[PDB]
2 protein chains.
Amino acid sequence: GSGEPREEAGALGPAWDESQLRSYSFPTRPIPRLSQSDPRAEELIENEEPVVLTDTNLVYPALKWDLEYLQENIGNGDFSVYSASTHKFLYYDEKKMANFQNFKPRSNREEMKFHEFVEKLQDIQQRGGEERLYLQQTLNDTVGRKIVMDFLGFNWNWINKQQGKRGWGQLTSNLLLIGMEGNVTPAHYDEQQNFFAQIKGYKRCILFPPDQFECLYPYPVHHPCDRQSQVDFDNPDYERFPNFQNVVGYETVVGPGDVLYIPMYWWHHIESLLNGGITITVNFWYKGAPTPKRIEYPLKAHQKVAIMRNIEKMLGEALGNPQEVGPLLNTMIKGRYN
Amino acid sequence: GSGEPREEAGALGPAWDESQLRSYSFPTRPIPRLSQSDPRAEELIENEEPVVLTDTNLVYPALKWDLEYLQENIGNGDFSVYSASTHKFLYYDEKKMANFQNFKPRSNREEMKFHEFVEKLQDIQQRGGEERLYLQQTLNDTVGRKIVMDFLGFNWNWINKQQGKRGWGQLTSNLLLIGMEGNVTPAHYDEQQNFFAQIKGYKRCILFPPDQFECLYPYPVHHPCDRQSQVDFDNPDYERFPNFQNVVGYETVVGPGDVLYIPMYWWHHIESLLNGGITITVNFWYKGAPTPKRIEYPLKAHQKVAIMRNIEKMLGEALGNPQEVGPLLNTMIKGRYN
Ligand SMILES: O=C(O)Cc1cs/c(=N\C(=O)CCNS(=O)(=O)c2ccccc2)n1O
Ligand SMILES: O=C(O)Cc1cs/c(=N\C(=O)CCNS(=O)(=O)c2ccccc2)n1O
Ligand SMILES: [Zn+2]
Ligand SMILES: [Zn+2]
């Protein structure tokens with residue numbers, strides 16, 4: 001899996017041990033941990049394969065962040081805070097809830113000030129409760145000046161050269177992630193390039209390449225859980241998702257100062273280590289490089305994923321109702337392509 | 001089925017008896033036999049439902065045609081003549097044979113002069129052979145003057161008013177069909193409006209509306225047998241085509257002077273009656289009325305058929321190879337829409 005856990009400097013003991021990792025049915029192989037000076041890492045990023053960069057200093061001024069420093073300087077803005085009854089957080093598109101009334105949310109969002117989220121957090125911890133919170137908020141301009149200069153201290157020289165050397169679109173947003181220990185963002189894929197910059201705590205990252213689409217069974221494109229796996233990693237229904245017995249992931253554990261390149265359309269399962277405290281992450285999202293003019297075959301796996309996405313979308317608009325997409329596709333293939 | 005067989009004028013006995021009809025597994029109901037003066041027939045054509053018109057006089061000058069008269073006056077042109085080992089004639093798109101090398105033809109076309117087709121026909125009949133021929137040739141300008149004035153004697157006044165009253169495109173071709181008794185054109189659908197004008201002999205016509213697509217399992221759009229049913233009507237494989245046990249057809253027997261409106265996208269199975277002699281038919285093909293601007297829901301069954309056709313076609317061009325259309329569609333629906 002994540003291999004032997006790393007030893008921290010000053011003989012401060014192992015960063016983590018295997019008992020902080022949850023258990024799953026599939027095998028994993030390690031994502032390489034390299035230096036940004038190492039051309040191997042430059043090659044993996046160009047080939048859109050994940051790599052963990054150990055020395056970008058991307059969010060070096062942010063490494064001092066904790067709950068106290070942030071609450072004092074983050075400002076008086078509103079922060080999206082997602083609550084969950086269990087460790088699996090259930091995210092959904094609230095716009096697409098119009099198409100699936102038979103879908104009930106179990107992880108609702110709540111806007112609140114940063115001091116309210118910290119108050120609500122220690123309230124759960126002193127009460128011994130089991131409710132979980134996950135703060136996910138795009139950084140805007142309403143943030144204090146001390147956090148502003150921390151932001152200015154990011155290694156923009158390195159990441160901008162990466163944005164230009166790959167031909168990516170410009171940075172779209174910076175997402176701040178403050179999660180509780182044991183929190184799980186279940187497997188899903190994103191449509192942009194991601195630099196996963198870990199700040200506080202450790203996160204286990206399990207990635208699946210786009211060519212394992214048929215092993216991970218994403219929800220219908222019109223479903224509020226579009227881009228998420230239907231497979232319950234904790235209780236995989238092998239009768240509904242038989243190819244999940246063939247899935248094989250890429251695994252790593254990122255700590256403070258580590259930066260994980262999650263390529264676009266790559267599945268990822270992110271969990272904050274059990275009994276590891278709160279985790280802090282900042283994501284850098286870039287739109288992928290524009291699709292080239294000369295179409296070259298064979299197609300990349302992610303290009304076929306985009307094709308299936310658009311067939312579903314266009315079929316939903318053509319039939320006038322997304323709920324008829326399913327039966328028409330079965331009509332199209334039953335006894336004709338299977 | 002076709003109901004009680006009609007009695008011919010002058011007490012010349014029944015036109016046909018049930019023993020000339022082949023046997024099939026599905027039930028049928030009769031296509032109405034009306035007069036073109038009857039507004040009910042005008043309503044069926046407008047609703048794109050089949051009707052048999054008994055008194056159009058559409059091909060009145062052609063009713064005198066037989067093998068001898070045609071051979072003398074049809075001219076010295078080349079006629080497409082399809083040969084078959086069995087009663088089921090196997091038609092295919094020769095352009096699409098590039099995609100399915102694993103497909104071998106069993107009914108080859110042969111160009112020949114009209115006198116050669118008649119010579120080859122009586123050759124089979126005197127030899128007692130079982131090889132079958134089917135002449136199918138679009139009428140052109142290379143045809144003799146006596147046939148030209150027969151053509152001019154067609155009821156263009158009636159059929160042109162029908163072409164205008166429905167908003168159809170112009171006439172695209174006239175197909176002459178001369179078949180042997182027992183010949184079968186297996187079930188398929190056409191993309192144009194058809195006026196089926198019977199001249200000599202009797203043909204049993206079995207039609208299925210477009211909403212029975214999932215009962216009739218057409219070949220993949222890129223297959224040389226695109227638009228034909230994969231179901232062998234003589235030996236239906238219920239394990240591969242289970243919804244064929246739900247199919248229900250519309251049946252009629254057309255004779256000399258009868259005109260059958262086969263609406264666009266309607267399946268049809270056409271067989272020349274057993275022991276009925278040669279059959280002669282002329283088809284009038286019109287492109288359907290252009291799709292209206294304001295898209296109105298619910299969609300017609302044939303509109304959904306066009307949607308599935310175009311998804312298959314566009315997917316074949318996007319992937320660069322029609323043979324990958326199947327696996328991608330299964331990947332798209334397996335565990336996601338079924
Ligand atoms: O818990 C963890 O640490 C993992 C985690 C927290 S949030 C997350 N993903 C998203 O929020 C979706 C991004 N989708 S996007 O199309 O690329 C996009 C859309 C809009 C702006 C910018 C980008 N992951 O994987
Ligand atoms: O044996 C019988 O009596 C039945 C019979 C003989 S041929 C036949 N069908 C076709 O040849 C296909 C027409 N397809 S089309 O798209 O509308 C079209 C294409 C090009 C020009 C004009 C029209 N049927 O059903
Ligand atoms: Zn993500
Ligand atoms: Zn036809």
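Both backbone and side-chain heavy atoms feed into the values below; hydrogens, waters and symmetry mates do not. Below, chains carry the letters A, B, ... as their sequence lines are ordered, and counting in each starts from 1.
With a threshold of 4.5 angstrom between heavy atoms, B/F241 approaches chain A through side-chain atoms but not through N, CA, C or O. When heavy atoms are compared at a cutoff of 4.5 Å, B/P327 does not approach chain A at all. With a 4.5 angstrom heavy-atom cutoff, B/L328 touches chain A via backbone and side-chain atoms both. Looking at B/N330, only its side chain comes within 4.5 Å of chain A, counting heavy atoms on both sides.
Atom-to-atom distance recorded for B/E312:CD and A/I333:CD1 is 11.0 Å, nearest 0.5 angstrom. The distance from the CG atom of A/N310 to the CG atom of B/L315 is 11.5 Å, given to the nearest 0.5 Å. Between atom CD of residue B/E324 and atom OH of residue A/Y297 there is a gap of 9.5 Å, rounded to the nearest 0.5 Å. Between the CG atom in B/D211 and the OG1 atom in A/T331 there is a gap of 11.0 Å [rounded to 0.5 Å]. Expressed to the nearest 0.5 Å, how far CE of A/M332 lies from CD1 of B/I311 amounts to 4.0 Å.
Scanning residues 231-240 of chain B against chain A with a 4.5 Å heavy-atom cutoff picks out B/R240, ordered by number.
A/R336 and B/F213 make their closest contact through NE-CZ, 3.6 Å (heavy atoms, listed as atom of the first residue, atom of the second, distance). Heavy atoms only, all atoms of each residue included: B/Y337 and A/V221 are closest at OH-N, 3.6 Å.
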_Step-by-step side-chain contact (heavy atoms from CB on, under 4.5 Å) determination, B/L319 to A/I307_ = CA-CA 9 Å; B/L319 302 175; A/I307 289 176; 3.9 Å; yes

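More than 12 heavy atoms of other residues, nucleotides or ligands sit less than 6.0 Å from atom CZ of B/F208.
With A/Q230 contributing its side chain and B/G335 its backbone, the two residues share a donor-acceptor pair below 3.5 Å.
Considering only heavy-atom pairs separated by less than 4.5 Å from chain A, the leading option among B/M308, B/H223, B/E214 is B/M308.
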